[PDB]
file input_11.txt (compact mmCIF, C-alpha atoms and all ligand atoms)
# COMPACT_ATOMS: atom_id res chain seq x y z
CA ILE A 45 -43.10 -130.26 -55.87
CA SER A 46 -41.50 -128.24 -58.63
CA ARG A 47 -39.46 -125.09 -58.05
CA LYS A 48 -38.74 -123.24 -61.25
CA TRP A 49 -40.12 -119.72 -60.97
CA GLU A 50 -37.71 -118.75 -58.14
CA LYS A 51 -34.71 -119.77 -60.26
CA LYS A 52 -35.77 -117.30 -62.99
CA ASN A 53 -33.85 -114.68 -61.00
CA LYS A 54 -30.55 -116.52 -61.43
CA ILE A 55 -30.11 -115.74 -65.13
CA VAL A 56 -27.06 -113.54 -65.77
CA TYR A 57 -26.93 -111.76 -69.15
CA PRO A 58 -24.05 -110.81 -71.45
CA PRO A 59 -23.09 -107.11 -71.14
CA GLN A 60 -24.58 -104.40 -73.30
CA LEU A 61 -23.24 -103.49 -76.73
CA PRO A 62 -23.09 -99.70 -77.29
CA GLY A 63 -26.29 -97.68 -77.62
CA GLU A 64 -28.81 -100.52 -77.87
CA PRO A 65 -32.20 -100.40 -76.17
CA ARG A 66 -31.77 -100.84 -72.43
CA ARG A 67 -33.51 -104.09 -71.50
CA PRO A 68 -35.92 -103.29 -68.65
CA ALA A 69 -35.66 -105.14 -65.33
CA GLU A 70 -37.70 -108.31 -64.81
CA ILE A 71 -38.36 -109.40 -61.25
CA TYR A 72 -40.00 -112.76 -60.44
CA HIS A 73 -41.58 -113.66 -57.15
CA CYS A 74 -43.79 -116.41 -55.80
CA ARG A 75 -45.41 -117.53 -52.57
CA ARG A 76 -45.92 -121.28 -52.06
CA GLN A 77 -48.60 -123.11 -50.02
CA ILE A 78 -51.05 -120.30 -49.18
CA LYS A 79 -54.10 -121.56 -47.23
CA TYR A 80 -56.43 -119.91 -49.82
CA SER A 81 -58.12 -121.94 -52.57
CA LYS A 82 -56.81 -121.77 -56.17
CA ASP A 83 -60.08 -120.59 -57.77
CA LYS A 84 -60.69 -117.73 -55.38
CA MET A 85 -57.05 -116.67 -55.63
CA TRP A 86 -57.50 -116.56 -59.41
CA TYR A 87 -59.80 -113.53 -59.27
CA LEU A 88 -57.35 -111.45 -57.31
CA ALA A 89 -54.58 -112.47 -59.67
CA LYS A 90 -56.80 -111.50 -62.65
CA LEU A 91 -57.74 -108.12 -61.19
CA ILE A 92 -54.28 -106.60 -60.82
CA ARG A 93 -52.83 -107.66 -64.21
CA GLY A 94 -51.34 -104.95 -66.38
CA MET A 95 -51.71 -102.38 -63.61
CA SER A 96 -48.94 -100.13 -62.34
CA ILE A 97 -47.75 -101.35 -58.95
CA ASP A 98 -49.30 -98.39 -57.13
CA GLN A 99 -52.75 -98.92 -58.58
CA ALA A 100 -52.50 -102.62 -57.80
CA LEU A 101 -51.56 -101.88 -54.21
CA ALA A 102 -54.47 -99.42 -54.02
CA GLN A 103 -57.02 -101.95 -55.29
CA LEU A 104 -55.75 -104.85 -53.19
CA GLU A 105 -55.67 -102.73 -50.02
CA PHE A 106 -59.37 -101.93 -49.97
CA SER A 107 -60.53 -105.32 -51.27
CA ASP A 108 -62.32 -107.67 -48.93
CA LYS A 109 -61.00 -111.12 -49.90
CA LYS A 110 -58.56 -112.73 -47.46
CA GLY A 111 -56.27 -113.24 -50.43
CA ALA A 112 -55.86 -109.46 -50.64
CA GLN A 113 -53.56 -109.20 -47.61
CA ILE A 114 -51.52 -112.03 -49.07
CA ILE A 115 -50.96 -110.72 -52.59
CA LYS A 116 -50.25 -107.33 -50.98
CA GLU A 117 -47.28 -108.58 -48.94
CA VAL A 118 -46.03 -110.41 -52.02
CA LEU A 119 -46.08 -107.21 -54.10
CA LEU A 120 -44.25 -105.30 -51.36
CA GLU A 121 -41.57 -107.98 -51.16
CA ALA A 122 -41.30 -107.93 -54.94
CA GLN A 123 -40.84 -104.17 -54.95
CA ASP A 124 -38.16 -104.26 -52.25
CA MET A 125 -36.16 -106.87 -54.13
CA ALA A 126 -36.69 -104.82 -57.28
CA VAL A 127 -34.85 -101.82 -55.83
CA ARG A 128 -32.38 -103.67 -53.57
CA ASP A 129 -31.23 -106.99 -55.07
CA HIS A 130 -31.59 -105.92 -58.68
CA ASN A 131 -31.05 -102.34 -59.59
CA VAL A 132 -34.14 -100.27 -60.31
CA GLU A 133 -34.18 -96.50 -60.33
CA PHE A 134 -37.55 -94.99 -59.28
CA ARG A 135 -39.38 -97.74 -57.34
CA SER A 136 -42.88 -96.70 -58.54
CA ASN A 137 -41.76 -97.36 -62.11
CA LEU A 138 -42.87 -101.00 -61.86
CA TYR A 139 -45.98 -102.49 -63.47
CA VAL A 140 -47.41 -106.00 -63.11
CA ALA A 141 -46.50 -108.12 -66.11
CA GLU A 142 -47.84 -111.56 -65.20
CA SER A 143 -50.01 -112.60 -62.25
CA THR A 144 -51.28 -116.11 -61.68
CA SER A 145 -52.29 -118.89 -59.26
CA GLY A 146 -51.24 -122.54 -59.24
CA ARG A 147 -52.59 -125.28 -56.98
CA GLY A 148 -50.36 -126.43 -54.13
CA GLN A 149 -50.43 -129.88 -52.51
CA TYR A 150 -53.67 -130.72 -50.68
CA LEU A 151 -54.57 -132.26 -47.31
CA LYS A 152 -57.21 -135.02 -47.14
CA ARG A 153 -59.83 -135.50 -44.41
CA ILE A 154 -63.11 -137.23 -43.63
CA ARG A 155 -66.42 -135.40 -43.73
CA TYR A 156 -69.18 -137.25 -41.84
CA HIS A 157 -72.72 -137.11 -43.18
CA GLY A 158 -75.62 -139.09 -41.72
CA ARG A 159 -76.72 -142.73 -41.75
CA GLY A 160 -72.99 -143.35 -41.42
CA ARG A 161 -71.97 -142.03 -44.84
CA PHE A 162 -68.81 -140.01 -45.39
CA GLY A 163 -67.52 -137.68 -48.09
CA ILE A 164 -63.83 -137.07 -48.76
CA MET A 165 -62.90 -133.51 -47.87
CA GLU A 166 -59.86 -131.88 -49.42
CA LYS A 167 -58.06 -129.05 -47.59
CA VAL A 168 -56.99 -126.59 -50.26
CA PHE A 169 -53.64 -124.83 -50.76
CA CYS A 170 -52.34 -122.62 -53.59
CA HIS A 171 -49.25 -120.79 -54.91
CA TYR A 172 -49.22 -117.21 -56.09
CA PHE A 173 -46.89 -116.08 -58.95
CA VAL A 174 -46.06 -112.51 -60.01
CA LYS A 175 -43.69 -111.05 -62.56
CA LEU A 176 -42.94 -107.30 -62.37
CA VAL A 177 -41.32 -105.27 -65.17
CA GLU A 178 -39.66 -101.84 -64.88
CA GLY A 179 -41.29 -99.28 -67.16
CA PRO A 180 -44.58 -97.42 -67.60
CA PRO A 181 -47.63 -99.75 -67.92
CA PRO A 182 -48.35 -100.94 -71.47
CA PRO A 183 -51.26 -99.13 -73.19
CA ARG A 184 -54.67 -100.81 -72.95
CA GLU A 185 -56.10 -102.00 -76.28
CA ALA A 186 -58.91 -99.88 -77.73
CA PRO A 187 -62.08 -101.56 -79.13
CA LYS A 188 -62.06 -101.94 -82.94
CA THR A 189 -63.51 -98.90 -84.78
CA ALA A 190 -65.82 -99.05 -87.86
CA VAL A 191 -62.80 -97.87 -89.89
CA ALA A 192 -61.03 -101.02 -88.71
CA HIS A 193 -63.87 -103.45 -89.49
CA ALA A 194 -64.51 -102.03 -92.97
CA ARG A 195 -60.78 -102.54 -93.61
CA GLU A 196 -60.93 -106.20 -92.51
CA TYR A 197 -63.98 -106.90 -94.62
CA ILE A 198 -62.53 -105.35 -97.79
CA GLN A 199 -59.23 -107.16 -97.22
CA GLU A 200 -61.22 -110.40 -97.13
CA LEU A 201 -63.36 -109.74 -100.23
CA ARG A 202 -60.11 -108.99 -101.97
CA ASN A 203 -58.37 -112.19 -100.88
CA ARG A 204 -60.63 -114.52 -102.89
CA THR A 205 -59.57 -116.90 -105.66
CA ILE A 206 -61.53 -118.73 -108.31
CA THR A 207 -61.44 -122.17 -106.76
CA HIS A 208 -60.60 -125.49 -108.41
CA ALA A 209 -60.41 -123.45 -111.56
CA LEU A 210 -56.99 -123.62 -113.26
CA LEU B 101 -36.96 -131.66 15.20
CA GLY B 102 -38.56 -128.51 13.85
CA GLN B 103 -36.10 -128.25 11.01
CA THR B 104 -36.88 -126.08 8.01
CA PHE B 105 -35.76 -127.10 4.57
CA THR B 106 -35.56 -124.88 1.47
CA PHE B 107 -34.61 -125.94 -2.00
CA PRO B 108 -31.11 -124.64 -2.89
CA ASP B 109 -30.88 -122.45 -5.96
CA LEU B 110 -28.51 -124.56 -8.01
CA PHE B 111 -27.68 -122.01 -10.67
CA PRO B 112 -26.05 -118.81 -9.21
CA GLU B 113 -25.34 -117.18 -12.67
CA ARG B 114 -21.57 -116.88 -12.05
CA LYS B 115 -19.58 -117.27 -15.29
CA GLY B 116 -15.92 -117.43 -16.32
CA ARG B 132 -20.55 -106.46 -32.71
CA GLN B 133 -19.75 -106.81 -36.42
CA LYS B 134 -21.59 -104.41 -38.70
CA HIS B 135 -20.89 -105.20 -42.35
CA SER B 136 -24.25 -103.76 -43.43
CA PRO B 137 -24.42 -102.64 -47.12
CA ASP B 138 -24.03 -98.94 -47.90
CA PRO B 139 -27.36 -97.08 -48.44
CA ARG B 140 -25.73 -94.61 -50.86
CA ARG B 141 -23.67 -97.18 -52.77
CA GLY B 142 -26.71 -98.37 -54.72
CA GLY B 143 -25.73 -102.03 -54.62
CA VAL B 144 -22.11 -101.51 -55.68
CA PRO B 145 -19.84 -104.27 -54.25
CA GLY B 146 -17.74 -102.13 -51.91
CA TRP B 147 -14.65 -104.39 -51.66
CA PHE B 148 -13.62 -103.33 -55.16
CA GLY B 149 -11.95 -99.91 -54.67
CA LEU B 150 -11.84 -98.96 -58.37
MG MG C 301 -63.22 -133.31 -54.61
call {"tool": "encode", "arguments": {"input": "input_11.txt", "output": "structure tokens"}}
result
Amino acid sequence: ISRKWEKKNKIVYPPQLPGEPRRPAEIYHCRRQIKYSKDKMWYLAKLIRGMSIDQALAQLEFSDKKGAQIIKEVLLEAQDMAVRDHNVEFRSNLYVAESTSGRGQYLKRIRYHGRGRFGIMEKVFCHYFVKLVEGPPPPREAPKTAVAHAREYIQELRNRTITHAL
Amino acid sequence: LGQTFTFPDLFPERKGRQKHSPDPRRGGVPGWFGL
């Protein structure tokens, strides 16, 4: 085992110098040894990234996967610690910064076949990690416009040298 | 002799509140400190 993520809440910062930008709250939370598989859990983790916590809760709630109820409880816990144990004004102000699955330790079993052959069957467990940040969700990146591309292309034609030439 | 037994109850039952809960309106301020 390795526990790191949990300890990321134990960092205490030096106090604020006058009038700087207020550094927004970071909350870390994990859940270890869920009975779900890592690969299935990955899709849930991928879905809610970058969302505001309310949208994420909305999505998760109606989703079918059995991982949905799990990640849901984890986001509620995260929110509660966000307002209680740290200080966060306006509890809906959170958005999901980083969401991810690691593999936990696995159980091993026999799987019988036929003609007396056996496969080795691995009972799957996984961890779920989530980092929440206080502030409005970051803006989603817009697809490059023709005015962008033409600018790249010109910038490249104009970066040439006469090679091996001096 | 027509005697009735009954098993004696051997345990007759005869014998011989702190709320420190954090303040909802304090907003996480460590109340011991007065100012
Ligand atoms: Mg295998």
call {"tool": "residues_near_ligand", "arguments": {"input": "input_11.txt", "ligand": "ligand MG 301 (chain C)", "cutoff": "12 Å", "atoms": "all atoms listed in the file", "output": "JSON, numbers by chain"}}
result
{"A": [150, 151, 152, 153, 154, 155, 163, 164, 165, 166, 167, 168]}
call {"tool": "interface_residues", "arguments": {"input": "input_11.txt", "of": "chain A", "to": "chain B", "cutoff": "9 Å", "atoms": "only C-alpha atoms", "output": "PDB file with C-alpha atoms, in the coordinates of the input"}}
result
ATOM      1  CA  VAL A 127     -34.850-101.820 -55.830  1.00  0.00           C
ATOM      2  CA  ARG A 128     -32.380-103.670 -53.570  1.00  0.00           C
ATOM      3  CA  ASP A 129     -31.230-106.990 -55.070  1.00  0.00           C
ATOM      4  CA  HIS A 130     -31.590-105.920 -58.680  1.00  0.00           C
ATOM      5  CA  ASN A 131     -31.050-102.340 -59.590  1.00  0.00           C
TER       6      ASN A 131
END
call {"tool": "residues_around", "arguments": {"input": "input_11.txt", "residues": "region 169-179 of chain A", "least_positions_apart": "5", "cutoff": "9 Å", "atoms": "all atoms listed in the file", "output": "PDB file with C-alpha atoms, in the coordinates of the input"}}
result
ATOM      1  CA  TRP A  49     -40.120-119.720 -60.970  1.00  0.00           C
ATOM      2  CA  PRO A  68     -35.920-103.290 -68.650  1.00  0.00           C
ATOM      3  CA  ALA A  69     -35.660-105.140 -65.330  1.00  0.00           C
ATOM      4  CA  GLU A  70     -37.700-108.310 -64.810  1.00  0.00           C
ATOM      5  CA  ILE A  71     -38.360-109.400 -61.250  1.00  0.00           C
ATOM      6  CA  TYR A  72     -40.000-112.760 -60.440  1.00  0.00           C
ATOM      7  CA  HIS A  73     -41.580-113.660 -57.150  1.00  0.00           C
ATOM      8  CA  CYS A  74     -43.790-116.410 -55.800  1.00  0.00           C
ATOM      9  CA  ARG A  75     -45.410-117.530 -52.570  1.00  0.00           C
ATOM     10  CA  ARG A  76     -45.920-121.280 -52.060  1.00  0.00           C
ATOM     11  CA  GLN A  77     -48.600-123.110 -50.020  1.00  0.00           C
ATOM     12  CA  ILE A  78     -51.050-120.300 -49.180  1.00  0.00           C
ATOM     13  CA  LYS A  79     -54.100-121.560 -47.230  1.00  0.00           C
ATOM     14  CA  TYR A  80     -56.430-119.910 -49.820  1.00  0.00           C
ATOM     15  CA  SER A  81     -58.120-121.940 -52.570  1.00  0.00           C
ATOM     16  CA  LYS A  82     -56.810-121.770 -56.170  1.00  0.00           C
ATOM     17  CA  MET A  85     -57.050-116.670 -55.630  1.00  0.00           C
ATOM     18  CA  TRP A  86     -57.500-116.560 -59.410  1.00  0.00           C
ATOM     19  CA  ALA A  89     -54.580-112.470 -59.670  1.00  0.00           C
ATOM     20  CA  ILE A  97     -47.750-101.350 -58.950  1.00  0.00           C
ATOM     21  CA  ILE A 115     -50.960-110.720 -52.590  1.00  0.00           C
ATOM     22  CA  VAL A 118     -46.030-110.410 -52.020  1.00  0.00           C
ATOM     23  CA  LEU A 119     -46.080-107.210 -54.100  1.00  0.00           C
ATOM     24  CA  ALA A 122     -41.300-107.930 -54.940  1.00  0.00           C
ATOM     25  CA  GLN A 123     -40.840-104.170 -54.950  1.00  0.00           C
ATOM     26  CA  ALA A 126     -36.690-104.820 -57.280  1.00  0.00           C
ATOM     27  CA  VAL A 132     -34.140-100.270 -60.310  1.00  0.00           C
ATOM     28  CA  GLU A 133     -34.180 -96.500 -60.330  1.00  0.00           C
ATOM     29  CA  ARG A 135     -39.380 -97.740 -57.340  1.00  0.00           C
ATOM     30  CA  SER A 136     -42.880 -96.700 -58.540  1.00  0.00           C
ATOM     31  CA  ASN A 137     -41.760 -97.360 -62.110  1.00  0.00           C
ATOM     32  CA  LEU A 138     -42.870-101.000 -61.860  1.00  0.00           C
ATOM     33  CA  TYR A 139     -45.980-102.490 -63.470  1.00  0.00           C
ATOM     34  CA  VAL A 140     -47.410-106.000 -63.110  1.00  0.00           C
ATOM     35  CA  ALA A 141     -46.500-108.120 -66.110  1.00  0.00           C
ATOM     36  CA  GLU A 142     -47.840-111.560 -65.200  1.00  0.00           C
ATOM     37  CA  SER A 143     -50.010-112.600 -62.250  1.00  0.00           C
ATOM     38  CA  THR A 144     -51.280-116.110 -61.680  1.00  0.00           C
ATOM     39  CA  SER A 145     -52.290-118.890 -59.260  1.00  0.00           C
ATOM     40  CA  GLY A 146     -51.240-122.540 -59.240  1.00  0.00           C
ATOM     41  CA  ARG A 147     -52.590-125.280 -56.980  1.00  0.00           C
ATOM     42  CA  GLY A 148     -50.360-126.430 -54.130  1.00  0.00           C
ATOM     43  CA  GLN A 149     -50.430-129.880 -52.510  1.00  0.00           C
ATOM     44  CA  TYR A 150     -53.670-130.720 -50.680  1.00  0.00           C
ATOM     45  CA  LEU A 151     -54.570-132.260 -47.310  1.00  0.00           C
TER      46      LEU A 151
END
call {"tool": "atom_distance", "arguments": {"input": "input_11.txt", "atom1": "CA of residue 56 (chain A)", "atom2": "CA of residue 121 (chain A)"}}
result
21.3 Å
call {"tool": "atom_distance", "arguments": {"input": "input_11.txt", "atom1": "CA of residue 117 (chain A)", "atom2": "CA of residue 98 (chain A)"}}
result
13.2 Å
call {"tool": "atom_distance", "arguments": {"input": "input_11.txt", "atom1": "CA of residue 102 (chain A)", "atom2": "CA of residue 116 (chain A)"}}
result
9.5 Å
call {"tool": "build_atoms", "arguments": {"input": "input_11.txt", "residues": "region 141-163 of chain A", "atoms": "N, CA, C and O atoms", "output": "PDB file, in the coordinates of the input"}}
result
ATOM      1  N   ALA A 141     -46.545-107.463 -64.816  1.00  0.00           N
ATOM      2  CA  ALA A 141     -46.500-108.120 -66.110  1.00  0.00           C
ATOM      3  C   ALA A 141     -47.364-109.358 -66.079  1.00  0.00           C
ATOM      4  O   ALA A 141     -48.302-109.462 -66.860  1.00  0.00           O
ATOM      5  N   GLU A 142     -47.044-110.317 -65.210  1.00  0.00           N
ATOM      6  CA  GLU A 142     -47.840-111.560 -65.200  1.00  0.00           C
ATOM      7  C   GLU A 142     -48.263-111.988 -63.802  1.00  0.00           C
ATOM      8  O   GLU A 142     -47.433-112.137 -62.926  1.00  0.00           O
ATOM      9  N   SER A 143     -49.555-112.198 -63.584  1.00  0.00           N
ATOM     10  CA  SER A 143     -50.010-112.600 -62.250  1.00  0.00           C
ATOM     11  C   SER A 143     -50.952-113.808 -62.310  1.00  0.00           C
ATOM     12  O   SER A 143     -51.896-113.841 -63.106  1.00  0.00           O
ATOM     13  N   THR A 144     -50.690-114.801 -61.463  1.00  0.00           N
ATOM     14  CA  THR A 144     -51.280-116.110 -61.680  1.00  0.00           C
ATOM     15  C   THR A 144     -51.328-116.985 -60.433  1.00  0.00           C
ATOM     16  O   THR A 144     -50.530-116.795 -59.536  1.00  0.00           O
ATOM     17  N   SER A 145     -52.249-117.946 -60.378  1.00  0.00           N
ATOM     18  CA  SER A 145     -52.290-118.890 -59.260  1.00  0.00           C
ATOM     19  C   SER A 145     -52.115-120.328 -59.705  1.00  0.00           C
ATOM     20  O   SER A 145     -52.744-120.745 -60.662  1.00  0.00           O
ATOM     21  N   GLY A 146     -51.245-121.086 -59.044  1.00  0.00           N
ATOM     22  CA  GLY A 146     -51.240-122.540 -59.240  1.00  0.00           C
ATOM     23  C   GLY A 146     -51.791-123.275 -58.030  1.00  0.00           C
ATOM     24  O   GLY A 146     -51.856-122.691 -56.949  1.00  0.00           O
ATOM     25  N   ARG A 147     -52.130-124.556 -58.154  1.00  0.00           N
ATOM     26  CA  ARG A 147     -52.590-125.280 -56.980  1.00  0.00           C
ATOM     27  C   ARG A 147     -51.412-125.894 -56.255  1.00  0.00           C
ATOM     28  O   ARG A 147     -50.511-126.425 -56.882  1.00  0.00           O
ATOM     29  N   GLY A 148     -51.409-125.812 -54.932  1.00  0.00           N
ATOM     30  CA  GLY A 148     -50.360-126.430 -54.130  1.00  0.00           C
ATOM     31  C   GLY A 148     -50.725-127.874 -53.837  1.00  0.00           C
ATOM     32  O   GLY A 148     -51.651-128.404 -54.447  1.00  0.00           O
ATOM     33  N   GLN A 149     -50.017-128.532 -52.922  1.00  0.00           N
ATOM     34  CA  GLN A 149     -50.430-129.880 -52.510  1.00  0.00           C
ATOM     35  C   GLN A 149     -51.616-129.774 -51.556  1.00  0.00           C
ATOM     36  O   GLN A 149     -51.779-128.761 -50.881  1.00  0.00           O
ATOM     37  N   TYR A 150     -52.457-130.799 -51.501  1.00  0.00           N
ATOM     38  CA  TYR A 150     -53.670-130.720 -50.680  1.00  0.00           C
ATOM     39  C   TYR A 150     -53.666-131.697 -49.517  1.00  0.00           C
ATOM     40  O   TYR A 150     -53.060-132.759 -49.593  1.00  0.00           O
ATOM     41  N   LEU A 151     -54.382-131.349 -48.452  1.00  0.00           N
ATOM     42  CA  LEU A 151     -54.570-132.260 -47.310  1.00  0.00           C
ATOM     43  C   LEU A 151     -55.859-133.053 -47.490  1.00  0.00           C
ATOM     44  O   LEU A 151     -56.792-132.541 -48.089  1.00  0.00           O
ATOM     45  N   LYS A 152     -55.930-134.301 -47.035  1.00  0.00           N
ATOM     46  CA  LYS A 152     -57.210-135.020 -47.140  1.00  0.00           C
ATOM     47  C   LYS A 152     -57.803-135.419 -45.795  1.00  0.00           C
ATOM     48  O   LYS A 152     -57.092-135.861 -44.900  1.00  0.00           O
ATOM     49  N   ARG A 153     -59.114-135.244 -45.657  1.00  0.00           N
ATOM     50  CA  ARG A 153     -59.830-135.500 -44.410  1.00  0.00           C
ATOM     51  C   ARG A 153     -61.173-136.164 -44.665  1.00  0.00           C
ATOM     52  O   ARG A 153     -61.635-136.256 -45.794  1.00  0.00           O
ATOM     53  N   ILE A 154     -61.796-136.616 -43.588  1.00  0.00           N
ATOM     54  CA  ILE A 154     -63.110-137.230 -43.630  1.00  0.00           C
ATOM     55  C   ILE A 154     -64.162-136.155 -43.431  1.00  0.00           C
ATOM     56  O   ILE A 154     -63.934-135.206 -42.689  1.00  0.00           O
ATOM     57  N   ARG A 155     -65.300-136.264 -44.100  1.00  0.00           N
ATOM     58  CA  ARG A 155     -66.420-135.400 -43.730  1.00  0.00           C
ATOM     59  C   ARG A 155     -67.657-136.253 -43.475  1.00  0.00           C
ATOM     60  O   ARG A 155     -68.240-136.786 -44.408  1.00  0.00           O
ATOM     61  N   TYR A 156     -68.079-136.354 -42.216  1.00  0.00           N
ATOM     62  CA  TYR A 156     -69.180-137.250 -41.840  1.00  0.00           C
ATOM     63  C   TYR A 156     -70.479-136.725 -42.389  1.00  0.00           C
ATOM     64  O   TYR A 156     -70.604-135.524 -42.577  1.00  0.00           O
ATOM     65  N   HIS A 157     -71.445-137.599 -42.666  1.00  0.00           N
ATOM     66  CA  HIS A 157     -72.720-137.110 -43.180  1.00  0.00           C
ATOM     67  C   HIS A 157     -73.946-137.426 -42.321  1.00  0.00           C
ATOM     68  O   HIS A 157     -74.429-136.573 -41.577  1.00  0.00           O
ATOM     69  N   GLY A 158     -74.439-138.650 -42.433  1.00  0.00           N
ATOM     70  CA  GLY A 158     -75.620-139.090 -41.720  1.00  0.00           C
ATOM     71  C   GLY A 158     -75.883-140.486 -42.228  1.00  0.00           C
ATOM     72  O   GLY A 158     -75.462-140.815 -43.332  1.00  0.00           O
ATOM     73  N   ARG A 159     -76.586-141.301 -41.451  1.00  0.00           N
ATOM     74  CA  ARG A 159     -76.720-142.730 -41.750  1.00  0.00           C
ATOM     75  C   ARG A 159     -75.357-143.380 -41.945  1.00  0.00           C
ATOM     76  O   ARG A 159     -75.238-144.365 -42.666  1.00  0.00           O
ATOM     77  N   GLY A 160     -74.333-142.826 -41.302  1.00  0.00           N
ATOM     78  CA  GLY A 160     -72.990-143.350 -41.420  1.00  0.00           C
ATOM     79  C   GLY A 160     -72.329-143.287 -42.784  1.00  0.00           C
ATOM     80  O   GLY A 160     -71.567-144.171 -43.148  1.00  0.00           O
ATOM     81  N   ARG A 161     -72.610-142.237 -43.541  1.00  0.00           N
ATOM     82  CA  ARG A 161     -71.970-142.030 -44.840  1.00  0.00           C
ATOM     83  C   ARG A 161     -70.911-140.941 -44.709  1.00  0.00           C
ATOM     84  O   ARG A 161     -71.074-140.006 -43.929  1.00  0.00           O
ATOM     85  N   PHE A 162     -69.830-141.040 -45.469  1.00  0.00           N
ATOM     86  CA  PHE A 162     -68.810-140.010 -45.390  1.00  0.00           C
ATOM     87  C   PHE A 162     -68.401-139.522 -46.771  1.00  0.00           C
ATOM     88  O   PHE A 162     -68.314-140.312 -47.707  1.00  0.00           O
ATOM     89  N   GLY A 163     -68.150-138.225 -46.900  1.00  0.00           N
ATOM     90  CA  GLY A 163     -67.520-137.680 -48.090  1.00  0.00           C
ATOM     91  C   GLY A 163     -66.032-137.486 -47.860  1.00  0.00           C
ATOM     92  O   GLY A 163     -65.567-137.518 -46.717  1.00  0.00           O
TER      93      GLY A 163
END
